[PDB]
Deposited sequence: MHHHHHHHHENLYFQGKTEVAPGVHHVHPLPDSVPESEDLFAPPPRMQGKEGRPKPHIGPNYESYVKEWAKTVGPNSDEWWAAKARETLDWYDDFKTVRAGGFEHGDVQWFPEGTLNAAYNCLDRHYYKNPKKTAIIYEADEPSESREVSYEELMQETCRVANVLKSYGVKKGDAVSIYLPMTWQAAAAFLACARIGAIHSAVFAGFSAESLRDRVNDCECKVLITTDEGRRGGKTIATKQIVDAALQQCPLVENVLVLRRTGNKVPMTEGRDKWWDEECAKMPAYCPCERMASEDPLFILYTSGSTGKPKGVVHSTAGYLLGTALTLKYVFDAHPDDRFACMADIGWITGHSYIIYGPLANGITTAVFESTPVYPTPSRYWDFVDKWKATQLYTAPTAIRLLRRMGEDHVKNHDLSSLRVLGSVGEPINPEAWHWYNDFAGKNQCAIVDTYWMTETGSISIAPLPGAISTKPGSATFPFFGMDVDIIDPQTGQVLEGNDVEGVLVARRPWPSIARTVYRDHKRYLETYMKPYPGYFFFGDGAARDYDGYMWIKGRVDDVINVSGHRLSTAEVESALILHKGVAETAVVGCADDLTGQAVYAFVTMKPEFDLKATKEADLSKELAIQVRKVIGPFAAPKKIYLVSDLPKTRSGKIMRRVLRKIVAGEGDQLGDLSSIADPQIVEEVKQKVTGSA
């Protein structure tokens, strides 16, 4: 029938298509969608945003969405080949003016940040007025340290609301902020501090996350032992517990800010001035974004992928150390002038009901999280969500990895009660903003499909064995883009050759995401996993999401990862690392029978070749702080944080 199949699901294809629900049709007093009600309404608007006549739309959106000090004249220029991408180059603006000042001038008492503290009872709303005053104070403090336009400033802050003020204070004066996930080791912090050559660092005395203390200042003290360029450290008093402070070098955030005025002017920034550096986990890649294209891209995707409306309370549960936090906690939502959540805790603290307690307390209208969090709460059962309201939500988003249809259905049935649109949002740090996602008022969804590309995104499928584009539908290969879009990364910091070689060289003429992808018979796009994770069994090229979505169809399975290994008879062979739910009786099911049933399930939905050669039952998989599964690690172990010793021990 079809060359390309959906990710394995227990639900039949003919009953697995989800039209926008009533909460996304302008019924029950909910806002009418910006784009709707159907696929044709998405195509009609999307077509204006790509092709040789798309400048007019982008020019209008740029002028309508952002406040400019100087207008631009050129809409776009440059290209992939040399990495000289330009958007609105003659224009000037300020990101902090667009995220704070203009909204403060309209409604200063409107809530900018819902600060959901690690302890629920310490939460509160932070108005645009308060956020802007604190941003301006910090901006004044940085100027007193001699920080100039174009200087780098490192940020090592946990998920307290002042992290937005630190970002936006750097943006306000034209400094380039480099945020580092709070909790990274002293060595990882040091490597990123030295690479951006910053002279100022911002951090807390301590962090709080899940009832546990992050010793940020002690970590900072170990790191700066090898960072000779850092002269000033601004220390936010988050807990007030005793930490070491170095005379002269270190200062308390509150005592410095109390000396400064509560307003600070905005540096007028060129469209292409660098806004930030964001390192991704070879050596750390300093991904650089400029100002206007990135801001416009986060503003537009937030408005259209989540159907944001003025009074919305947008809840992105990620961390600001991640691009997801950059684009859909701070810049995107604050640019649109709505309320945004800064969530300091974990999904299971104090109990696995926290997400849903949070939604009903604040009456959030959109929730945006990661598959790893969705599969975690699935592992915990349905009683932490069944007895909540959750009816203020209209849209639920998933980001970071392919979402298995099992998880997609749990999300849809319990978080949304079958009344929310599910937006599977595909993008990368290097894309700046969401690349492929359903528009929730228009697109009928399929579990595990990102569906259709966003405005400005013209994507295609290349057969990696020929280097040539595959025309039509029902094709599979590697995902590429044909043209720059406004928010694409502009370089890798002081390493432009790595930028060109990684993204622009593999398929000359295109941008190479690094993900395997398929376009099915309806034109829906499926992102199936990293190209490096593809497993080649006797010609059959298997993707990680494919096999993992099959394995999770078996009862008792909480999460899985599969990697390839050298096999003489099949080229490569599939090896599966399976995580079971805690209450699964492993003594009653003889493990060899479990592994046998798992092979049968994979052979049924995928084919005989896809059955794992070996299956390792483990307690947890190696994962990053954002929740990406570390298949490279498992692949290396099967070929010769504490969860890494368990994997090596179970494989020997």
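No C-alpha positions are given for the deposited-sequence stretches 1-23, 305-307, 667-679, 692-694.
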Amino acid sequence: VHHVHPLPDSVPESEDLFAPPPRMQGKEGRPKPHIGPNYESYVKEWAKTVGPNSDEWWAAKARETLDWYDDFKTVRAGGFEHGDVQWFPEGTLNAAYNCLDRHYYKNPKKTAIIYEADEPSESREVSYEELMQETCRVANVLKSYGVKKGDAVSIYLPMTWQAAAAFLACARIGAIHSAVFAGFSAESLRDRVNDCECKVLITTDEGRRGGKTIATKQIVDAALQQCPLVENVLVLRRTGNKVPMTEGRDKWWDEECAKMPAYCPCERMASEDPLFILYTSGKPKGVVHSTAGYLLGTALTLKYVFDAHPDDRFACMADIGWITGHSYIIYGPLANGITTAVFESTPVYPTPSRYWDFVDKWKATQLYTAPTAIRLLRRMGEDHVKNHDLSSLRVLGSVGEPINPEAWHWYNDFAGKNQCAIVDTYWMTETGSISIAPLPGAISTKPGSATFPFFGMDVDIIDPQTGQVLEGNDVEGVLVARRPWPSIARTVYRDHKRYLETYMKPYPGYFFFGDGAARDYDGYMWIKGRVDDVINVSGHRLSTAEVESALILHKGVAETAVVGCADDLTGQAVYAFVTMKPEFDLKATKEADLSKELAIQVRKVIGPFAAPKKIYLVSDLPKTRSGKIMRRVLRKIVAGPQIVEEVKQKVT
From here on, numbers count along this sequence of modelled residues.
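Superpose the two forms; the largest set of C-alphas matching within 1.5 Å is the rigid core.
Of 374-382 and 88-96, the stretch whose C-alpha atoms sit farther from the shown form in 6 other deposited structures of this protein, after fitting on the rigid core, is 374-382. For 123-131 versus 410-418, the mean Cα distance to the shown form in 6 other deposited structures of this protein after rigid core alignment is larger for 410-418. In the comparison with other entries of the same protein, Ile615 is given coordinates in all of those covering both sides of it, so it never reaches the one-third threshold. Of the other structures of this protein that model both sides of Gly282, a third or more give it no coordinates. Here 63-71 and 26-34 are compared by their mean Cα B-factor, and 26-34 comes out higher.
Per-stretch averaging of Cα B factors for 308-316 and 241-249 places 241-249 on top.
Comparing the C-alpha B-factors of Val537, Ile527, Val287, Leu296 in the entry, the top value falls on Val537. The top Cα temperature factor in the record, among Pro352, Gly477, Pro261, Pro438, falls on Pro352.
Sort the modelled residues of the chain by CA B factor and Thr324 lands in the lowest third. When the modelled residues of the chain are ordered by C-alpha B-factor, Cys99 sits in the lowest third. When the CA B factors of the chain's modelled residues are split into thirds, the value for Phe577 lands in the highest one.
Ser178: CA B factor lies in the lowest third for its chain, per the PDB record. Per the deposited record, the Cα B-factor of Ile214 falls in the highest third when ranked against the other modelled residues of its chain.
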